[PDB]
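Coming up is one lone chain in structure tokens, specifically the form deposited in one PDB entry.
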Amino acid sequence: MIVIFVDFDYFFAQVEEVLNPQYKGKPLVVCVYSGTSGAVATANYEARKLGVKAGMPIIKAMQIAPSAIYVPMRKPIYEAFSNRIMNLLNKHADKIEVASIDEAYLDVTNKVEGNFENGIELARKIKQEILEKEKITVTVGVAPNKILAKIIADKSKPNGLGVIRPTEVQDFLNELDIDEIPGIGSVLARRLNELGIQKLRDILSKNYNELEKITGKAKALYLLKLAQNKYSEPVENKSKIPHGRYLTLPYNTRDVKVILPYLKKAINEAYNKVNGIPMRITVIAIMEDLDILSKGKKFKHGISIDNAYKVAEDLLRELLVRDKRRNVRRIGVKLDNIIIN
């Protein structure tokens, strides 16, 4: 298995700088607002230089960067920018998995006919192409599975090319900090250190069960496989980006004859923004009181709009027995788990 993982450096920042080149060499800050207060989406080199970073409240960011340019975020254009890039990658890969707007996994095992060095060069070729074609720097990871490829990518930022070779893989498994693992955050590392575990290997000397009592099987076991180099878990042809449209109603209601004519339209601005076939739909409804009542059914394959309008209709109506007192302010749909062709 050869996976190249692609990560877009400070994408939103980069897109803006590409669109408005006079922003370059000068602090730029992309901002995000609630339903209110605003925070930093991303920030460019110079903004980051001064200490800005995601989540930072815009007041705070101004405290340390008054010379900065604060723009509102434009998801759609960054999405158009993302999709162009995902397509480039697509041509390069046997299977592509679009993890997010700025992340994709690529199985290329076949493309380079199993040759890991040609894997790395393909990975070089990809970096150079995105820069040449879109003026954007990404960070690649090349490794014999998804999880490793992400890890080595994050180890290689900014504008990196990380590498774990099947032939060398065990030395990397030997020096990996437990905290550097996806799924292991601030709390879990803090607790996992307590037995004497900061390297991945450490677990193998420590008994099995107690670890679950700190992790939960599904992760405790997922650590065990990584340590042993038994995690495979293929790269699937699916997009993980959720597409979802809402529509506020003329008045709060419960009359299905009123809300269907708003459900339909919410799906059209979504089941069209599909590019594939969703294994998941979620009917989402906001009440008079801002509270949220969301139900959704999983499909073996996907679901077309062929089944959609009634999957959504009964999914609303099931929420109309689950809540019986309250009215609906706003109605939404979310399509994710998209299978690609």
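Shifts are known only where both forms have a C-alpha. Take the two forms, superpose them, and find the largest set of C-alpha atoms that agree within 1.5 Å; that set is the rigid core. Residues carry their position along the shown sequence, with the first being 1.
Residues with no coordinates between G35 and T36 in the deposited sequence, how many: none, 1 to 3, 4 to 9, or 10 or more?
Going from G35 to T36, the model skips 1 to 3 residues of the deposited sequence.
Per the PDB record, is the mean Cα temperature factor higher over 209-217 or over 106-114?
So the stretch with the higher mean C-alpha B-factor is 209-217.
Which has higher Cα B-factors on average according to the PDB entry: 304-312 or 53-61?
The stretch with the larger average C-alpha B-factor is 304-312.
What's the residue among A143, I130, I151, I178 with the greatest CA temperature factor in the PDB record?
Out of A143, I130, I151, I178, the record gives the largest C-alpha B-factor to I178.
Please pick out which of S100, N229, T253, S156 has the largest Cα B-factor as recorded in the entry.
Comparing C-alpha B-factors across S100, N229, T253, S156, the top value belongs to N229.
Based on the deposited C-alpha B factors for this chain, I'd like to know if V71 is in the lowest, middle or highest third.
Its C-alpha B-factor, which the entry lists for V71, ranks in the lowest third among residues of this chain.
Could you look up the Cα B-factor of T282 in the entry and say which third of the chain it sits in: lowest, middle or highest?
Answer is middle: the recorded C-alpha B-factor places it there.
Using only modelled residues of the chain, where does the Cα B factor of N193 rank: lowest third, middle third or highest third?
Within its chain, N193 is a highest-third residue by C-alpha B-factor, going by the deposited values.
Tell me, lowest, middle or highest third: where does the Cα B factor of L319 rank within its chain?
Tercile = highest for this residue's CA B-factor.
Which third of the chain does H243 land in by C-alpha B-factor: lowest, middle or highest?
Its C-alpha B-factor, which the entry lists for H243, ranks in the lowest third among residues of this chain.
There is also a form deposited in another entry; it is not shown, and the following applies to it.
Scan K75, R84, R191, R254 for the one whose CA shifts by 2 Å or more between this form and the one not shown after superposing the rigid core, and name it.
After core superposition, the single residue displaced by 2 Å or more is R254.
Aligned on the rigid core, do the two forms place the Cα of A54 2 Å or more apart, comparing between this form and the one not shown?
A54: C-alpha displaced by less than 2 Å between this form and the one not shown.
Using the rigid core as the reference frame, would you say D323 shifts its C-alpha by 2 Å or more between this form and the one not shown?
Yes, the C-alpha moves 2 Å or more.
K95: CA shift of at least 2 Å between this form and the one not shown after core fit?
Where the cores coincide, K95 shows only a C-alpha shift between this form and the one not shown that is less than 2 Å.
Shorter or longer C-alpha distance for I59 and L290 in the other form, given it differs from this form by 3 Å or more?
Nearer in the other form, by 3 Å or more.
With a shift of at least 3 angstroms, figure out whether the C-alpha spacing between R280 and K95 grows or shrinks in the other form: closer or farther?
It is farther: in the other form, the C-alpha atoms of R280 and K95 lie at least 3 Å more apart than they do here.
Sticking with residues common to both forms, list the runs of three or more in a row where every CA moves 2 angstroms or more between this form and the one not shown, core superposed.
Runs found: 33-35, 193-196, 246-340, listed by sequence.
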